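Undergrad: Quick one: structure below, then a few questions.
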Amino acid sequence: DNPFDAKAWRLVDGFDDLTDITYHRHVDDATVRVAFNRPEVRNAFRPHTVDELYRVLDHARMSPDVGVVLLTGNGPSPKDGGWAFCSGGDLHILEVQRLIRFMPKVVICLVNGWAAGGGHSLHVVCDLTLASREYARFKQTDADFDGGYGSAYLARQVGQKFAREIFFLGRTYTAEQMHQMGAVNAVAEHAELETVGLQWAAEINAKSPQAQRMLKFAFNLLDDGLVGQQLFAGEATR
Amino acid sequence: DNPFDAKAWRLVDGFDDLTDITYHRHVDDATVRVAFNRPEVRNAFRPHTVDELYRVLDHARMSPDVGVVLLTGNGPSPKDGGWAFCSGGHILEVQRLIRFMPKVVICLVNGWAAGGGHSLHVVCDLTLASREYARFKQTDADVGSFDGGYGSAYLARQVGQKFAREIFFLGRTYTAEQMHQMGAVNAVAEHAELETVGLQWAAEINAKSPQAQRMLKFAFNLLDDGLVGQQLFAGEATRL
Amino acid sequence: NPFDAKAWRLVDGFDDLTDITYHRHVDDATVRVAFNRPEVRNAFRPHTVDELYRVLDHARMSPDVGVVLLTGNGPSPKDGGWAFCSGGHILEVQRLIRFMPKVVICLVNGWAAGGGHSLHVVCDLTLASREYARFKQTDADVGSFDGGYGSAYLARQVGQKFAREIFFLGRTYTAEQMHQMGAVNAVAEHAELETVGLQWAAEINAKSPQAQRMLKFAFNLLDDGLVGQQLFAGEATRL
Amino acid sequence: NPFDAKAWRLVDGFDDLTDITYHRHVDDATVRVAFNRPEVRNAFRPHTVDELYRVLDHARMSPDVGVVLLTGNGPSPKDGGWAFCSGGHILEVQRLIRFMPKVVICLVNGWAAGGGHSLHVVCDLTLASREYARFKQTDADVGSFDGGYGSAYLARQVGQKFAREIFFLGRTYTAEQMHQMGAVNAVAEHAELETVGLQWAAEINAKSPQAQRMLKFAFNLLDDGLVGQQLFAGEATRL
Amino acid sequence: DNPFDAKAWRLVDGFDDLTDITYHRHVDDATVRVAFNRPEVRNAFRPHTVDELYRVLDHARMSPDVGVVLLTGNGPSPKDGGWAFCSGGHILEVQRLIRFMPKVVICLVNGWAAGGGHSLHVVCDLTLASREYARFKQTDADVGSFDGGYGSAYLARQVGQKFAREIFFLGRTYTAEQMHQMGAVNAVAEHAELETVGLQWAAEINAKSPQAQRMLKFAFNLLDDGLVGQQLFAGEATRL
Amino acid sequence: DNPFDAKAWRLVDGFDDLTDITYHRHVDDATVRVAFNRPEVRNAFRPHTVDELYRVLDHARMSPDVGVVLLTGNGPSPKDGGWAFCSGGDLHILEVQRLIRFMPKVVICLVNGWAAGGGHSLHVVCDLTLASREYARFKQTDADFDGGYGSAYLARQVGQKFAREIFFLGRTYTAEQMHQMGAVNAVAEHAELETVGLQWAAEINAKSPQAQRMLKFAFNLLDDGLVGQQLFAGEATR
Ligand SMILES: O=S(=O)(O)CCCN1CCN(CCO)CC1
Ligand SMILES: O=S(=O)(O)CCCN1CCN(CCO)CC1
């Protein structure tokens, strides 16, 4: 029961050299799948991982025919059978966060397992998050810090009380709990996570691309100040 | 089982010419009922509808003895028995009128709330919805159009950035209960009682210091309206 | 009772307090600050605010204290009821709570109305008694109103729709309802409120103090503008 | 005189105006809206505000008008003095000026005090008579005060230090001094004020109208929060 | 030619123990004079100095009959004849006290205003400076230290982003006239008259409605203090 | 009397292929010189120009030993002897603006001549601007639009009245006029522009680098919302 359905994806030309990240383009949809490929180490990212992740996402950003990015983690671990989206630290990861934030495409994080530390922050900055009911685990390790989108932005999803709780105590939360607080859009059966992700991607791609771009930047504008204004006005310039 | 109770309302004088909107004043309370009156077309609004809506709301804004505005849709559809609050297409001006008026505007979603109709509910101070028939759907995106202001950004100040983005990006249909869970709907009520509950909420609001209610609304607006918000709040302070 | 005397010690220099009690945990870097006027539902009078400010300020300057538990003593000797704070310079207490480099957890053991409700809102976290926590924003029907952290900030917790509801109608809500809306972190059984509070305090204190301070100001920075930047930048200036 | 009758035509539907004059340029997409109560230094009474609102609103809806010149007629028949507006719903006029998709240029031909000063502040641009422009923020000594666009927004033009000076002391300033601080775009000889205003209006109207609208809301967006976003986004929705 | 006029001031009762700060009340006006009293060291402040400064300012904040605070430095240096307002090193708390107090704080820069001393001038509501001896220099950067709050960011709200960045990045020394041109100094005055001019400004401020002045200050602060700014302004409104 | 003093600069290894941009590293200082190299066309930038400019600036951003970036235009025009920093449009230029905005180094724009359209916007987003007294010409062409840093940010330098004027009328301004309004830090003799630029760079580099980084982000934080918070908090994380 692996979330990954190989038949639905094709490798993107120009990335045979990837080792820490897998990059696929859907066989029919204007959707790509970017995933951490280090299950043995719970998909923790090392400097090299960040470089590939940035390269891949930047390429997706510039792909005219791609309207949705599915960001997830491959699994399970061959070592213990566990599941992880991204366990965090082992080009800065902050640049990856901004790339996700600023790209004119909807980025959906598919939390298939542990999402801790920097991995948790990556999920927070994504536009939407779908999570495995059985294996998704949310834990902000930091304080055990990310004073940017990792934290402050979480408050714009679950509220100041819950956000402070998540960070100050660093407890572990399930997909359902995070859904109740407002940080997870929907909970899905583990085996169905990616299938549900592709359904959401399809509904998004079925609408006006220009409208989707404008909307994303309109939502960003609320908290990104001048940068947010630049991107929205930039798209207004057509 | 219709939400409207004829015995509780009286038409406002001076609006006999309204065709797309009904405007009533409660027989006893400082509350008015503004409703879309085109059930035959799922209360979609045409340019003429917006003009009447603006006129009516503007009149309510200036009515010294009115403290609460109930915004809803008349129903059901004469030709399908369906319910609708407003199914969408100056409207931006209507949004600001609702936003800036020193009175609490409660949207009573009795049916479909789509497109511009959905945005109207979002900008209202409070929203109550019909459990059985309220239906929320942000259709702008799949219409090529979009509201990058109070309709969208402000929704995020109600349900959070994740849910707001979902609502707009996918344009799915949600029930009163779902929208209530996300935080965009204050409470769910039986369809037949939507207005009865609305009047009870209006009564509780009107039972308090009007000056305090005005100050509070502008205090809540100030958080996101920047200088405009400051002007309205400080405006009240200067008055004091 | 919520209170477990065996776990607290009085703080030297405060036996002159009459409206507030101030304790230091026997082991944890945590203090307990509580309203001490149960006979009148822990409402605060000018004298109460002075003691509260003094106590909180002292806690703010205590280097070995990382968490402040703010609650109300009970029950009322007059009716057996429970109250955290029933309401009425209190604005200065709010800022003290907001700006202090320590996590302030409000433990709502009973009624939290008016200014009492506003105090809970400004605290970093809130835990509430399932059986006795009662939330009610009274001001409006009294002609008064808190247009600062009491109201605006509540919206940053439960959203604009619910926040406006809470203030405009002034209804009473349970711990559970408030938890559902997002202003209450967790609900606890009355007798366990403080025990749960100490467990949360322990988890907080078990982490890097510098990190916790930085995080609190990072969360404040989102809404405190220049003041928020000053505190975050200042905290960074240390490192 | 500042006014050149040969260049303006009355606007149909406004011969009932008494406190305001409303003209349309014979050639340019520009209108002239002016206070018409020189005998009392163009101070505004409730009736004046109504006409002003009506006129500005009409200008706002005129598709072929890209620039609004806001000034005051003169001189005073009683003392030969000059005034733009001496002060006292006026808040609604401010928003109309702020939100209309047209560039509003205030031409200060004389005294600009109290509400009159606030009107100049909220306009997009200000040109002033070197010999007669007099800026004075009176409110404070009257017990009154404009805590919105009149004050806060002035700070976005001359900076926090100068803005506080202007309001706290309520001193009178010349066109030159105000230009030096940043609230006045340019100083002009009295007789040339309107001629210069039309030249600026012409340069504005010679460019893409859609671009000018977008730019105005882009500048507003910096300080008008959600309202500013609504207007910019709405303007974009067109394209 | 000393700025201070003994005949115009009277010591405040209860502060005989001050060593690093002087605190006077004007003989007739609702104005106080708070000054750094360590000329021998270019009025640099040590921890003890900050404690006294905070105490003094806090007392002024609570003085109902005081509407204006004049913040300056005593001089000249006993051992070099040089002038200094404050040459720099809890101070953040002093900044907020100046920022939040419902009274106008005018900084009179009589000499060197460097490091923390420069930041104090920036946070004051108004600044008047000695033409001959005022010297502005943000030395933090070349000290390895920095003020990323009111000392820096807020300076940008006075001189604009370009000039503010220049002042901090290069740490050059500027005169009263230069700082006035950039917008951080309200007016330049003859050294010997700095305080005389300061009292004239204080008199004009005090001649107006105290309530209005309080409201205005908080209205100006609201622009950049977010929720804190709202709390203080709304605070006054509730009072009303 | 050319502002460029060849003896003081060395080409940066790895950029012999540049055609629209020149990239030098000072012989002694931790300062680089990035300049538009299309004088014949008044240094207008074409898509290829933006690509090189971005590559160069990104490399400067990642150079540990570089603390200051001098951004200017080479000249004069071999066609008419005129001077230009950048005349504007002929990887998006918006990405270049953000790169300048976000890099932890002080970027000084040396306006040696015409600064129009996108060229003017580039000067506005730079941390500091020094301009040639005889040849600097500021003109916002757009409306004849940049609703981001190009415009809104200008208002944070010269005030709302002047900013609106500059954009609505699109008039041409001198170094001195722009200096009076607050958008130009200092005016310098044309032949001395770069020498003065190196002096400013030296004073900046003479201070604590960590302090300079913190300060720049503290100034940005005022208007960059969450993005600004992310960068400042990111540097706070050390
Ligand atoms: O709008 S704010 O980002 O300032 C605060 C968000 C408030 N809410 C957070 C979480 N829930 C999510 C839906 O239950 C509701 C409101
Ligand atoms: O602080 S703001 O960015 O909102 C407005 C800037 C105000 N000023 C602009 C230009 N001058 C520059 C110095 O003369 C002074 C103040």
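Identifiers for the structure tokens are assigned positionally: chains receive A, B, ... in sequence, residues are indexed from 1 per chain, and ligands are indexed from 1 in the order shown.
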Using only C-alpha atoms, determine which residues lie at most 10 Å from stretch 204-209 of chain A, disregarding the query and same-chain residues fewer than 3 positions distant; provide the list as a ChimeraX atom specification.
TA: /A:29-31,66-68,104-106,198-201,212-215 /B:139-146,166,168-171
Undergrad: With N, CA and C atoms retained, could you export that selection as a PDB file, in the first residue's frame?
TA:
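Output below, filename result00.pdb:
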```pdb
ATOM      1  N   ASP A  29      -1.740  15.064 -16.672  1.00  0.00           N
ATOM      2  CA  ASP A  29      -1.963  16.363 -16.047  1.00  0.00           C
ATOM      3  C   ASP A  29      -0.808  17.339 -16.046  1.00  0.00           C
ATOM      4  N   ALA A  30      -1.155  18.608 -15.879  1.00  0.00           N
ATOM      5  CA  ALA A  30      -0.178  19.679 -15.801  1.00  0.00           C
ATOM      6  C   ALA A  30       0.232  19.716 -14.321  1.00  0.00           C
ATOM      7  N   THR A  31       0.710  18.577 -13.823  1.00  0.00           N
ATOM      8  CA  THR A  31       1.108  18.442 -12.425  1.00  0.00           C
ATOM      9  C   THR A  31       2.438  17.711 -12.286  1.00  0.00           C
ATOM     10  N   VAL A  66       2.986  23.466 -16.490  1.00  0.00           N
ATOM     11  CA  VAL A  66       2.780  22.910 -15.154  1.00  0.00           C
ATOM     12  C   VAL A  66       2.028  23.927 -14.299  1.00  0.00           C
ATOM     13  N   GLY A  67       0.897  23.514 -13.739  1.00  0.00           N
ATOM     14  CA  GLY A  67       0.125  24.429 -12.922  1.00  0.00           C
ATOM     15  C   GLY A  67       0.082  24.047 -11.458  1.00  0.00           C
ATOM     16  N   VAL A  68       0.460  22.810 -11.151  1.00  0.00           N
ATOM     17  CA  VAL A  68       0.447  22.338  -9.773  1.00  0.00           C
ATOM     18  C   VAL A  68       1.671  21.497  -9.429  1.00  0.00           C
ATOM     19  N   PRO A 104       4.216  31.183  -9.216  1.00  0.00           N
ATOM     20  CA  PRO A 104       2.840  31.331  -9.704  1.00  0.00           C
ATOM     21  C   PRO A 104       2.205  29.993 -10.043  1.00  0.00           C
ATOM     22  N   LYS A 105       2.258  29.067  -9.096  1.00  0.00           N
ATOM     23  CA  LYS A 105       1.687  27.739  -9.256  1.00  0.00           C
ATOM     24  C   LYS A 105       1.284  27.320  -7.860  1.00  0.00           C
ATOM     25  N   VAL A 106       0.258  26.483  -7.752  1.00  0.00           N
ATOM     26  CA  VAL A 106      -0.202  26.031  -6.446  1.00  0.00           C
ATOM     27  C   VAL A 106       0.673  24.876  -5.978  1.00  0.00           C
ATOM     28  N   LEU A 198      -3.703  14.196  -6.679  1.00  0.00           N
ATOM     29  CA  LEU A 198      -3.885  14.408  -8.115  1.00  0.00           C
ATOM     30  C   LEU A 198      -5.301  14.913  -8.421  1.00  0.00           C
ATOM     31  N   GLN A 199      -6.274  14.527  -7.601  1.00  0.00           N
ATOM     32  CA  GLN A 199      -7.656  14.980  -7.800  1.00  0.00           C
ATOM     33  C   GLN A 199      -7.718  16.486  -7.519  1.00  0.00           C
ATOM     34  N   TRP A 200      -7.098  16.911  -6.422  1.00  0.00           N
ATOM     35  CA  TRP A 200      -7.071  18.326  -6.067  1.00  0.00           C
ATOM     36  C   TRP A 200      -6.339  19.099  -7.152  1.00  0.00           C
ATOM     37  N   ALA A 201      -5.224  18.540  -7.611  1.00  0.00           N
ATOM     38  CA  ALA A 201      -4.439  19.183  -8.650  1.00  0.00           C
ATOM     39  C   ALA A 201      -5.285  19.364  -9.904  1.00  0.00           C
ATOM     40  N   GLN A 212      -5.821  31.677 -11.123  1.00  0.00           N
ATOM     41  CA  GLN A 212      -5.147  30.985 -10.030  1.00  0.00           C
ATOM     42  C   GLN A 212      -3.908  31.763  -9.595  1.00  0.00           C
ATOM     43  N   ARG A 213      -3.132  32.253 -10.560  1.00  0.00           N
ATOM     44  CA  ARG A 213      -1.934  33.023 -10.245  1.00  0.00           C
ATOM     45  C   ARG A 213      -2.303  34.280  -9.463  1.00  0.00           C
ATOM     46  N   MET A 214      -3.274  35.025  -9.981  1.00  0.00           N
ATOM     47  CA  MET A 214      -3.722  36.250  -9.328  1.00  0.00           C
ATOM     48  C   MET A 214      -4.191  35.974  -7.904  1.00  0.00           C
ATOM     49  N   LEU A 215      -4.950  34.899  -7.724  1.00  0.00           N
ATOM     50  CA  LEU A 215      -5.463  34.549  -6.407  1.00  0.00           C
ATOM     51  C   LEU A 215      -4.359  34.218  -5.419  1.00  0.00           C
TER      52      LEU A 215
ATOM     53  N   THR B 139     -17.008  30.292  -7.058  1.00  0.00           N
ATOM     54  CA  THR B 139     -16.896  29.951  -8.473  1.00  0.00           C
ATOM     55  C   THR B 139     -16.071  30.890  -9.344  1.00  0.00           C
ATOM     56  N   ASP B 140     -15.670  32.040  -8.817  1.00  0.00           N
ATOM     57  CA  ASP B 140     -14.904  32.986  -9.624  1.00  0.00           C
ATOM     58  C   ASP B 140     -13.774  32.367 -10.448  1.00  0.00           C
ATOM     59  N   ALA B 141     -12.893  31.613  -9.796  1.00  0.00           N
ATOM     60  CA  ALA B 141     -11.752  30.999 -10.473  1.00  0.00           C
ATOM     61  C   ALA B 141     -12.112  30.223 -11.736  1.00  0.00           C
ATOM     62  N   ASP B 142     -13.183  29.436 -11.684  1.00  0.00           N
ATOM     63  CA  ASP B 142     -13.581  28.671 -12.859  1.00  0.00           C
ATOM     64  C   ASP B 142     -14.469  29.499 -13.783  1.00  0.00           C
ATOM     65  N   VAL B 143     -14.530  30.798 -13.507  1.00  0.00           N
ATOM     66  CA  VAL B 143     -15.306  31.734 -14.314  1.00  0.00           C
ATOM     67  C   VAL B 143     -14.320  32.686 -14.992  1.00  0.00           C
ATOM     68  N   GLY B 144     -13.048  32.557 -14.626  1.00  0.00           N
ATOM     69  CA  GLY B 144     -12.023  33.412 -15.196  1.00  0.00           C
ATOM     70  C   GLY B 144     -11.926  34.723 -14.441  1.00  0.00           C
ATOM     71  N   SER B 145     -12.910  34.982 -13.585  1.00  0.00           N
ATOM     72  CA  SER B 145     -12.942  36.205 -12.790  1.00  0.00           C
ATOM     73  C   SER B 145     -12.409  35.927 -11.389  1.00  0.00           C
ATOM     74  N   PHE B 146     -12.246  36.980 -10.593  1.00  0.00           N
ATOM     75  CA  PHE B 146     -11.758  36.809  -9.231  1.00  0.00           C
ATOM     76  C   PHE B 146     -11.861  38.071  -8.387  1.00  0.00           C
ATOM     77  N   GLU B 166      -7.730  26.867  -0.246  1.00  0.00           N
ATOM     78  CA  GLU B 166      -8.447  25.690  -0.729  1.00  0.00           C
ATOM     79  C   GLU B 166      -9.786  26.129  -1.340  1.00  0.00           C
ATOM     80  N   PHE B 168     -10.844  28.874  -2.588  1.00  0.00           N
ATOM     81  CA  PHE B 168     -10.708  29.566  -3.867  1.00  0.00           C
ATOM     82  C   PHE B 168     -10.029  28.767  -4.981  1.00  0.00           C
ATOM     83  N   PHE B 169      -8.954  28.054  -4.662  1.00  0.00           N
ATOM     84  CA  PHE B 169      -8.242  27.292  -5.690  1.00  0.00           C
ATOM     85  C   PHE B 169      -9.055  26.149  -6.309  1.00  0.00           C
ATOM     86  N   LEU B 170      -9.786  25.402  -5.492  1.00  0.00           N
ATOM     87  CA  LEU B 170     -10.571  24.289  -6.018  1.00  0.00           C
ATOM     88  C   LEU B 170     -12.040  24.622  -6.309  1.00  0.00           C
ATOM     89  N   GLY B 171     -12.567  25.653  -5.655  1.00  0.00           N
ATOM     90  CA  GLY B 171     -13.945  26.038  -5.889  1.00  0.00           C
ATOM     91  C   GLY B 171     -14.949  24.943  -5.587  1.00  0.00           C
TER      92      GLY B 171
END
```
Undergrad: For ligand 2, collect every residue having any atom at a distance of at most 7 Å from a ligand atom (counting only C-alpha atoms and all ligand atoms); output as an MDAnalysis selection string.
TA: (chainID D and resid 155:160 181:182) or (chainID E and resid 156:161 181:183) or (chainID F and resid 155:160 180:182)
Undergrad: Residue A:151: which residues within 9 Å, counting only C-alpha atoms, same-chain residues fewer than 6 positions away excluded, as a ChimeraX atom specification?
TA: /A:121,124,145,163-164,167 /C:215,218-219
Undergrad: Just the residues within 7 Å of residue E:137, please, counting only C-alpha atoms, with nothing from its chain fewer than 4 positions along; format it as a PyMOL selection string.
TA: chain E and resi 113-115+118+171-174
Undergrad: Could those residues be written to a file, using C-alpha atoms, as a PDB file, in the first residue's frame?
TA:
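out24.pdb written:
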```pdb
ATOM      1  CA  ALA E 113      24.446  62.285  19.802  1.00  0.00           C
ATOM      2  CA  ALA E 114      26.110  58.928  19.148  1.00  0.00           C
ATOM      3  CA  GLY E 115      25.192  55.272  19.448  1.00  0.00           C
ATOM      4  CA  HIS E 118      21.476  58.879  18.761  1.00  0.00           C
ATOM      5  CA  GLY E 171      28.178  55.779  10.416  1.00  0.00           C
ATOM      6  CA  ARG E 172      29.253  59.225   9.286  1.00  0.00           C
ATOM      7  CA  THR E 173      28.964  62.351  11.412  1.00  0.00           C
ATOM      8  CA  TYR E 174      26.307  64.905  10.475  1.00  0.00           C
TER       9      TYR E 174
END
```
Undergrad: I'd like to know which residues of stretch 17-52 of chain A are strand (DSSP E) (by DSSP, run on the backbone); could you write them as a CSV table (one decimal) with C-alpha atoms, in the first residue's frame?
TA:
```
chain,number,residue,atom,x,y,z
A,21,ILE,CA,15.2,14.1,-4.8
A,22,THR,CA,12.9,12.5,-7.4
A,23,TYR,CA,11.2,14.6,-10.0
A,24,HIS,CA,8.3,13.4,-12.1
A,25,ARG,CA,5.7,14.9,-14.5
A,26,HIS,CA,2.3,13.4,-14.6
A,31,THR,CA,1.1,18.4,-12.4
A,32,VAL,CA,4.6,17.5,-11.1
A,33,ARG,CA,5.7,15.3,-8.2
A,34,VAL,CA,8.7,16.5,-6.3
A,35,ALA,CA,9.8,14.3,-3.4
A,36,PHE,CA,12.5,13.8,-0.9
```
Undergrad: For residue A:216, work out the shell of residues within 10 Å, counting only C-alpha atoms and skipping chain neighbours fewer than 5 positions away, then give it as a VMD selection string.
TA: (chain A and resid 101 to 106 127 211 221 231 to 232) or (chain B and resid 148 152 to 153 165 168 to 169)
Undergrad: With only C-alpha atoms considered, list every residue of chain D at most 9 Å from chain A, as a ChimeraX atom specification.
TA: /D:214,218,221-222,225-226,229,232-233,235-237,239
Undergrad: Report the residues of stretch 23-208 of chain A whose backbone DSSP state falls under alpha helix (DSSP H), written as a ChimeraX atom specification.
TA: /A:47-61,93-102,118-125,152-158,160-169,175-181,193-205
Undergrad: How would the residues just picked look written out with C-alpha atoms as a PDB file, in the first residue's frame?
TA:
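New file selection-v7.pdb:
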```pdb
ATOM      1  CA  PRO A  47      23.089  20.721   1.901  1.00  0.00           C
ATOM      2  CA  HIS A  48      23.122  18.678  -1.303  1.00  0.00           C
ATOM      3  CA  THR A  49      19.440  17.817  -0.867  1.00  0.00           C
ATOM      4  CA  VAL A  50      18.528  21.507  -0.677  1.00  0.00           C
ATOM      5  CA  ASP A  51      20.470  22.200  -3.878  1.00  0.00           C
ATOM      6  CA  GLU A  52      18.556  19.569  -5.841  1.00  0.00           C
ATOM      7  CA  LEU A  53      15.216  20.529  -4.282  1.00  0.00           C
ATOM      8  CA  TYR A  54      15.822  24.157  -5.298  1.00  0.00           C
ATOM      9  CA  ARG A  55      16.897  23.201  -8.827  1.00  0.00           C
ATOM     10  CA  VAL A  56      13.868  20.971  -9.293  1.00  0.00           C
ATOM     11  CA  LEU A  57      11.334  23.464  -7.895  1.00  0.00           C
ATOM     12  CA  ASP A  58      12.898  26.285  -9.894  1.00  0.00           C
ATOM     13  CA  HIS A  59      12.511  24.207 -13.043  1.00  0.00           C
ATOM     14  CA  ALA A  60       8.882  23.466 -12.155  1.00  0.00           C
ATOM     15  CA  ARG A  61       8.362  27.199 -11.594  1.00  0.00           C
ATOM     16  CA  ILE A  93      16.368  26.089   2.847  1.00  0.00           C
ATOM     17  CA  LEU A  94      14.995  29.628   3.278  1.00  0.00           C
ATOM     18  CA  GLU A  95      15.491  30.219  -0.432  1.00  0.00           C
ATOM     19  CA  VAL A  96      13.481  27.067  -1.118  1.00  0.00           C
ATOM     20  CA  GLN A  97      10.692  28.399   1.101  1.00  0.00           C
ATOM     21  CA  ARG A  98      10.550  31.663  -0.862  1.00  0.00           C
ATOM     22  CA  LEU A  99      10.664  29.817  -4.175  1.00  0.00           C
ATOM     23  CA  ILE A 100       7.554  27.912  -3.067  1.00  0.00           C
ATOM     24  CA  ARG A 101       5.943  31.064  -1.707  1.00  0.00           C
ATOM     25  CA  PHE A 102       6.584  33.147  -4.834  1.00  0.00           C
ATOM     26  CA  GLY A 118      12.641  22.108   8.582  1.00  0.00           C
ATOM     27  CA  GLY A 119      10.374  19.453   7.106  1.00  0.00           C
ATOM     28  CA  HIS A 120       7.461  20.823   9.097  1.00  0.00           C
ATOM     29  CA  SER A 121       8.296  24.380   8.008  1.00  0.00           C
ATOM     30  CA  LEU A 122       8.224  23.263   4.371  1.00  0.00           C
ATOM     31  CA  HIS A 123       4.668  21.971   4.841  1.00  0.00           C
ATOM     32  CA  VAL A 124       3.573  25.211   6.517  1.00  0.00           C
ATOM     33  CA  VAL A 125       4.742  27.418   3.639  1.00  0.00           C
ATOM     34  CA  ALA A 152       4.813  33.320  12.053  1.00  0.00           C
ATOM     35  CA  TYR A 153       3.064  32.022   8.973  1.00  0.00           C
ATOM     36  CA  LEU A 154       1.714  29.025  10.902  1.00  0.00           C
ATOM     37  CA  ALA A 155      -0.138  31.548  13.095  1.00  0.00           C
ATOM     38  CA  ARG A 156      -1.957  32.762   9.967  1.00  0.00           C
ATOM     39  CA  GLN A 157      -3.305  29.210   9.536  1.00  0.00           C
ATOM     40  CA  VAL A 158      -4.156  27.982  13.041  1.00  0.00           C
ATOM     41  CA  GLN A 160      -1.859  32.686  17.596  1.00  0.00           C
ATOM     42  CA  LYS A 161      -2.770  30.368  20.481  1.00  0.00           C
ATOM     43  CA  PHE A 162      -2.333  27.097  18.596  1.00  0.00           C
ATOM     44  CA  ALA A 163       0.741  28.297  16.708  1.00  0.00           C
ATOM     45  CA  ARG A 164       2.539  29.252  19.929  1.00  0.00           C
ATOM     46  CA  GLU A 165       1.576  25.867  21.407  1.00  0.00           C
ATOM     47  CA  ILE A 166       2.947  23.909  18.465  1.00  0.00           C
ATOM     48  CA  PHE A 167       6.279  25.736  18.744  1.00  0.00           C
ATOM     49  CA  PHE A 168       6.726  26.205  22.514  1.00  0.00           C
ATOM     50  CA  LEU A 169       6.008  22.575  23.476  1.00  0.00           C
ATOM     51  CA  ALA A 175      -3.162  14.612  10.499  1.00  0.00           C
ATOM     52  CA  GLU A 176      -6.590  14.898  12.115  1.00  0.00           C
ATOM     53  CA  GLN A 177      -5.440  17.180  14.962  1.00  0.00           C
ATOM     54  CA  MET A 178      -3.596  19.474  12.565  1.00  0.00           C
ATOM     55  CA  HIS A 179      -6.721  19.449  10.391  1.00  0.00           C
ATOM     56  CA  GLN A 180      -8.843  20.550  13.346  1.00  0.00           C
ATOM     57  CA  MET A 181      -6.443  23.422  14.002  1.00  0.00           C
ATOM     58  CA  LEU A 193      -2.742  10.315  -0.442  1.00  0.00           C
ATOM     59  CA  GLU A 194      -1.257  10.841  -3.900  1.00  0.00           C
ATOM     60  CA  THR A 195      -4.440   9.836  -5.719  1.00  0.00           C
ATOM     61  CA  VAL A 196      -6.345  12.442  -3.687  1.00  0.00           C
ATOM     62  CA  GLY A 197      -3.495  14.881  -4.358  1.00  0.00           C
ATOM     63  CA  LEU A 198      -3.885  14.408  -8.115  1.00  0.00           C
ATOM     64  CA  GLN A 199      -7.656  14.980  -7.800  1.00  0.00           C
ATOM     65  CA  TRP A 200      -7.071  18.326  -6.067  1.00  0.00           C
ATOM     66  CA  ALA A 201      -4.439  19.183  -8.650  1.00  0.00           C
ATOM     67  CA  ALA A 202      -6.917  18.422 -11.439  1.00  0.00           C
ATOM     68  CA  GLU A 203      -9.618  20.656  -9.989  1.00  0.00           C
ATOM     69  CA  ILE A 204      -7.042  23.464  -9.672  1.00  0.00           C
ATOM     70  CA  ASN A 205      -5.751  22.972 -13.226  1.00  0.00           C
TER      71      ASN A 205
END
```
Undergrad: Between atom CA of residue B:30 and atom CA of residue B:185, what is the distance, to one decimal in Å?
TA: 23.3 Å
Undergrad: Any idea what's packed within 6 Å of residue C:126, counting only C-alpha atoms, ignoring anything in its chain fewer than 6 positions away? Could you give it as a list in words?
TA: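 Here the qualifying residues turn out to be residues 105, 106, 107, 184 and 185 of chain C.
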